[PDB]
Amino acid sequence: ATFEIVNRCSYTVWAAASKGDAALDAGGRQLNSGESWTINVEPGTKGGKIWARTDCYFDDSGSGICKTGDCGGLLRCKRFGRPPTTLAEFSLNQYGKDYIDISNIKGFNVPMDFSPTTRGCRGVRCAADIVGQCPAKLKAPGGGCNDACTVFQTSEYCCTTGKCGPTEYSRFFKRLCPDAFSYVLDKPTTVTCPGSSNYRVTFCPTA
């Protein structure tokens, strides 16, 4: 399948695409404002993620640091990213359908549209100034708005017993992005698409 990753923000991002234990396609790439990067993801992939990283440095080999979303210091992510990271999430060709979501369960750093480029299903977006509003205790220094599990490490915020409720903090993300997951046991805002669909991830969409 095809995703096309586009930086419509006015600042450079370093896009990342991983499943958790391996890169997807090249695993990451720099995107100056306006730049599109199309990748190939295998049918049937489960639990894929696409995110932006901000304020990176990488040397000639590719090793470095980013202030949000860092994946073990690699330009080319083979693992997932340090919060706060807005997440595009997907598992493809499940049993005849792909399933797409955007998640604020690791926080928010960059606004995002994650829309299908082929018919049958609707996209999802979170574009609100979450970082401008973010509650003080959830602010990150380095940039972004952390989730409460990251800041406080409690069973309730992390949903560690499998029983957790909405919180004042989950609800701050759900007031501003209804269509995105705001905590682990949120009512699912997942989208079911035909198997083998293609997609576009747009950072800053409304930019």
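Residues numbered from 1 in each chain as written, not as in the entry; some residues may be left out. Heavy atoms only, no water.

Visitor: Looking at this structure, I do not really get the pattern of salt bridges. What am I missing?
Guide: A side chain of one charge can pair with a side chain of the opposite charge if their charged atoms are brought near each other. With the rule as written, the count across this model stands at seven salt bridges. Two residues, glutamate 89 and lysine 49, come together in a salt bridge whose shortest N-O distance is 2.8 Å. On the criterion of sequence distance, the pair formed by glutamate 89 in strand 8 (residues 87-94) and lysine 49 in strand 5 (residues 48-51) is long-range, its members being 40 residues apart. Judged by relative accessible area, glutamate 89 falls into the buried class, the value being 14%. (Salt bridge = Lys/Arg side-chain N within 4 Å of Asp/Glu carboxyl O. Helix = DSSP H or I, 4+ residues; strand = E, 2+ residues; numbered from the N terminus. Buried < 20%, exposed > 50% of the residue type's maximum accessible area, 1.4 Å probe, protein only.)

Visitor: Help me out: how do you make sense of the packing of aromatic side chains in this one?
Guide: Applying the stated criterion to the full structure yields 10 aromatic pairs. Ring centres of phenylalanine 152 and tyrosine 169 lie 5.9 Å apart, and the angle between their planes is 20°; this geometry places the pair in the stacked category. Taken as a pair, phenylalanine 152 in helix 2 (residues 148-152) and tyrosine 169 in helix 4 (residues 168-174) lie far apart in primary sequence, 17 residues in all. Using a relative accessible area of 33% as the deciding quantity, one classes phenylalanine 152 as partly exposed. Given the relative accessible area of 19%, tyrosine 169 is considered buried. Here the aromatic residues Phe3, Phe90, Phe114 and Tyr199 are joined through ring pairs into a cluster of three or more. Of note, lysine 49 hangs over the ring of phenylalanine 80, and the distance from its end group to the ring centre comes to 5.1 Å. (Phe/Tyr/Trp six-rings, centres within 6.5 Å; stacked < 30°, edge-to-face > 60°. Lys NZ or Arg CZ within 6 Å of the ring centre and 35° of its normal.)

Visitor: What am I meant to see in the environment of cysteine 193 here?
Guide: Of note, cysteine 193 is situated in strand 12 (residues 191-194). Once the C-alpha coordinates of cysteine 193 and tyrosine 169 are considered, the two residues, 24 residues apart in sequence, prove to be 30 Å apart.

Visitor: Could you clarify how one ought to interpret the sheet that holds strand 11 (residues 124-126) in this entry?
Guide: What links the strands of a sheet is backbone hydrogen bonding, and the strands pair in either a parallel or an antiparallel sense. Strands sit in the order 4-1-13-10-11 across an open sheet of five strands; the sheet is mixed. Where the open sheet ends on each side, the last strands, each with one partner, are strand 4 (36-40) and strand 11. Shown here is a sheet whose adjacent strand axes are inclined to one another by a mean of 15°, direction ignored. Both strand 1 (residues 2-7) and strand 4 contribute to a ladder of five bridges, which runs antiparallel. Paired with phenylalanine 3 across the strands is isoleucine 39, a residue of strand 4. (Pairing = 2+ DSSP bridges. Axes fitted to C-alpha atoms, helices over the stretch in contact; angles between N-to-C directions.)

Visitor: Help me out: how do you make sense of the pairing of strand 8 in this one?
Guide: On a regular strand, one side chain projects to one face of the sheet and the next to the other, so that they alternate. Most of strand 8 sits inside the fold, with six of its eight residues counted as buried. In terms of strand pairing, strand 5 meets strand 8 through three bridges, oriented antiparallel. Bridging from a neighbouring strand, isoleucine 50 pairs with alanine 88 of strand 8. Strand direction decides the pairing type here: strand 8 and strand 9 (residues 97-103), joined by six bridges, are antiparallel. Among the inter-strand pairings, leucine 87 is bridged to a residue of strand 9, identified as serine 103.

Visitor: What's the story with the nonpolar core in this structure? I'm lost.
Guide: Within the largest apolar cluster, 40 residues are counted, with the highest numbers of intra-cluster contacts made by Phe3, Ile50, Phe90, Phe114 and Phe203. In this structure, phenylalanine 3 is in contact with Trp37, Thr38, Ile39, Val41, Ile50, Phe90, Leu92, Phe114, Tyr199 and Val201, ignoring residues within four places of it in sequence. (Core = buried A, V, L, I, M, F, W, Y, C linked by side-chain atoms within 4.5 Å. Contact = heavy atoms within 4.5 Å.)

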